[PDB]
Undergrad: 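I am attaching a structure below and will ask some questions about it afterwards.
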2 protein chains.
Amino acid sequence: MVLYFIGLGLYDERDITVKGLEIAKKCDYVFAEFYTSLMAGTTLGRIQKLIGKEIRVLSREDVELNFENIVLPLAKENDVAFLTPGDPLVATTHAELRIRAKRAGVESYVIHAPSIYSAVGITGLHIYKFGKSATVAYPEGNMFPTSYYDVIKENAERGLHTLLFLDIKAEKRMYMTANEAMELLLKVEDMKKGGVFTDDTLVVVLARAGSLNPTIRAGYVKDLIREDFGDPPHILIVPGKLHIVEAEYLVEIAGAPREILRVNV
Amino acid sequence: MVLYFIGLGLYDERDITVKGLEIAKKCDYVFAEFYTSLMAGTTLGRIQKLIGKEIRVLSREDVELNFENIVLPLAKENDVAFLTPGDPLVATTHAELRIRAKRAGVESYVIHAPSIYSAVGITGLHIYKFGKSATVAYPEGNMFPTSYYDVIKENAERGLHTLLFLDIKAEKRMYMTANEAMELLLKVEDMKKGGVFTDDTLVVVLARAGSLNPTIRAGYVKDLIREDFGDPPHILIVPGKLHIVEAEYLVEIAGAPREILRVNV
Ligand SMILES: Nc1ncnc2c1ncn2[C@@H]1O[C@H](CSCC[C@H](N)C(=O)O)[C@@H](O)[C@H]1O
Ligand SMILES: Nc1ncnc2c1ncn2[C@@H]1O[C@H](CSCC[C@H](N)C(=O)O)[C@@H](O)[C@H]1O
């Protein structure tokens, strides 16, 4: 009669909340999906061991096409949990699943967990200053769209930061690196010439947020584009106008060029 | 030699992550601050019991003025944890504390936890569509500023959602309700007349995110301004142009007026 959407966290199996773990252990059946985001520090094995229950993994089709056929039926009679990386409902399509639950007469509750949206706070950039977010899609075709570049421009003009998720191809095990996002954006800049993403643009890279020692680096594209930020996942941020304290943290904590402290008030 | 910034979550003591709990239990000393945000479902007692250690609570002055005198000294010799509501570093000033740690020769690590920034995903609004965020300050003086109203206008024009934190006075135990934020914003609208926040404006209220049964309601101000959303904390959101799926979720899950499904493409 109850379905619980439980977030697993960002890195490993301990990034789930105590509330999430306890509820999962009390559920008759436990499902999960691992295709929406990469959790670099754990496996299904470790997660299953932590919960002490076998977990039925669902594929993208299982979810998008047969969630109401696979999960909900059982949810009508028992307590069922559905696990996902990060925060359960931060994926554009996860929310709709709550609708299918309601319509099937199943009550649902959401158990939050660390998300990259809030975790970016560890970059020192003020969270309230972030504008619209976007994803740097993997280019497909000789000619491809670049709307994510327009989002950066739109935010930057308002002096707002831009969070950029980097595309992934789970089945192919392909995870776009910050380097690839930069290479790609520099090319878009030559084509659009908006002065939005140049060799001299200050950017911030956050790799493996959630782990104890993530890579946090800030600097000009020309300097970071060849830098190794470790294993994926990577996130790229294009800051808008910095507050002195933001810049202080980027210099002190992320190794940013000292000149960014001269924010030209 | 190590300082851990550990997030406690949004509602109760189980909103901390398993990683956070385990690390806290291994720390020689545990500090915390509870003034930045209200955790409506727990107490210091319950948190202390969960961790199994006495917790030295620090005041705003203890932190802002003497963090390097109270916490860091011990952090230099032992493993020390600093607990905070929600996500440790989502407070504009918390990040700077990592700087004081570095400068004192103390290594620090951040343990994330549920945050209201990501938790708003439970409203069905696409997280990437949120623009700049703002706080509805408690009015002080016969005449007072209302920059938060300008943030809404700026986002709305771009068709972006606006997340609005509501002010609190911890010592006074005063927590601004969504009703009070609405009353206040309607008054600002008469004065500024930007057509940004009217009787007919669609708004979303999220109360006690993190608890198992939070209040999620969407509707026109004229209809919600007199509605009771339960105990604090409350958060107010002014959606921009809705995607059909966003509207579908607001109607189905938050009881929004069916007419919002007619988004006037
Ligand atoms: N540990 C991590 N470190 C850096 N970036 C991460 C990350 N985890 C996720 N991301 C970014 O976010 C993308 C997934 S989008 C889904 C986010 C998830 N629903 C949440 O609540 O956070 C990843 O492809 C990557 O772009
Ligand atoms: N449980 C909750 N439900 C609704 N709003 C909440 C909430 N917890 C916090 N908020 C909102 O966020 C404000 C605190 S701002 C600090 C946010 C915290 N650092 C985090 O990581 O989330 C509260 O005053 C209220 O405006």
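Throughout, protein chains are lettered first and strands after them, A, B, ... in sequence-line order, and every chain is numbered starting at 1.
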Undergrad: Using a cut-off of under 4.5 Å for heavy-atom pairs, which of B:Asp15, B:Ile111, B:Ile23, B:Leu160 has the most such pairs with chain A?
TA: B:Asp15
Undergrad: Ring-plane angle category for B:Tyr117 and B:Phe165, please: parallel below 30°, perpendicular beyond 60°, tilted otherwise.
TA: tilted
Undergrad: Using a 3.5 Å distance criterion without hydrogens, assess whether the side chain of B:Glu33 forms a donor-acceptor pair with backbone atoms of B:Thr84.
TA: no
Undergrad: Highest number of heavy-atom pairs under 4.5 Å with chain A: which of B:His94, B:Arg103, B:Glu13, B:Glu96?
TA: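 Winner by heavy-atom pair count: B:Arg103.
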Undergrad: Between A:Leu163 and chain B, which part of the residue has a heavy atom less than 4.5 Å away: side chain, backbone, both or neither?
TA: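 The answer is neither part of A:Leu163.
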Undergrad: With a 4.0 Å cut-off on N to O distance, would you call B:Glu22 and B:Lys26 a salt bridge?
TA: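 Salt bridge absent between B:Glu22 and B:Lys26.
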Undergrad: Check each atom of B:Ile122 against the heavy atoms of chain A and say whether the ones under 4.5 Å are side chain, backbone, both or neither.
TA: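 For B:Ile122, the contact with chain A is made by backbone and side chain together.
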Undergrad: Give a yes or no on whether a salt bridge exists between B:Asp12 and A:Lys19, defined as a side-chain N under 4.0 angstrom from a carboxylate O.
TA: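 Yes, charged N to carboxylate O under 4.0 Å.
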Undergrad: Would one find more than 12 heavy atoms of other residues, nucleotides or ligands at under 6.0 Å from atom NZ of B:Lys76?
TA: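 Check passes, neighbour count above 12.
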Undergrad: Between B:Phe229 and B:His234, what is the ring plane arrangement, given parallel below 30°, perpendicular above 60°, and tilted in between?
TA: perpendicular
Undergrad: Quick one: what part of B:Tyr249 sits under 4.5 Å from any heavy atom of chain A, side chain, backbone, both or neither?
TA: both
Undergrad: Among B:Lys102, B:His243, B:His126, single out the residue with the greatest number of heavy-atom pairs under 4.5 Å to chain A.
TA: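 Greatest number of close heavy-atom pairs with chain A: B:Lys102.
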Undergrad: Side chain, backbone, both or neither: which part of A:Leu21 has a non-hydrogen atom closer than 4.5 Å to chain B?
TA: side chain
Undergrad: Look at B:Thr93, B:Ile253, B:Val90, B:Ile16 and state which one has the largest set of heavy-atom pairs under 4.5 Å with chain A.
TA: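 Highest number of pairs under 4.5 Å: B:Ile16.
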Undergrad: Can you tell me how far the CG atom of B:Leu97 sits from the CG atom of B:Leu89, to the nearest 0.5 Å?
TA: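 That separation rounds to 8.5 Å.
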Undergrad: Top residue by heavy-atom pair count (under 4.5 Å) with chain B, among A:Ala209, A:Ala119, A:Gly121?
TA: A:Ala119
Undergrad: Picking from A:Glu246, A:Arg98, A:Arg158, which has the most non-hydrogen pairs under 4.5 angstrom with chain B?
TA: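 Most heavy-atom pairs under 4.5 Å with chain B: A:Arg158.
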Undergrad: Given the options B:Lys129, B:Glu154, B:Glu248, which has more heavy-atom pairs under 4.5 Å with chain A than any of the others?
TA: B:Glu154
Undergrad: With a 4.5 angstrom heavy-atom cut-off, which part of B:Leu212 approaches chain A: side chain, backbone, both or neither?
TA: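 Both parts, heavy atoms under 4.5 Å.
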Undergrad: Can you tell me how far the CD1 atom of B:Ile127 sits from the OG1 atom of A:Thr92, to the nearest 0.5 Å?
TA: 11.5 Å
Undergrad: Roughly how far, to the nearest 0.5 Å, is CG of A:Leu3 from CZ of A:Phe82?
TA: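 Spacing of CZ (A:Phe82) from CG (A:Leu3) equals 8.5 Å.
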Undergrad: Name the member of B:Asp87, B:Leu10, B:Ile99, B:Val110 that forms the most heavy-atom pairs with chain A at distances under 4.5 Å.
TA: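 The residue among B:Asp87, B:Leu10, B:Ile99, B:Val110 with the greatest pair count is B:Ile99.
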Undergrad: For the candidates A:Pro214, A:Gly210, A:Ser108, A:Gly7, which exhibits the highest count of non-hydrogen atom pairs separated by less than 4.5 Å from chain B?
TA: A:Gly210
Undergrad: With rounding to the nearest 0.5 angstrom, report the NZ to NE2 distance, A:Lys132 to B:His161.
TA: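 Answer for the NZ-NE2 pair, A:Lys132 versus B:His161, is 10.0 Å.
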Undergrad: Check whether A:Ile116 gets within reach of chain B through its side chain, its backbone, both or neither, counting any heavy atom under 4.5 Å.
TA: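 No part of it gets close to chain B.
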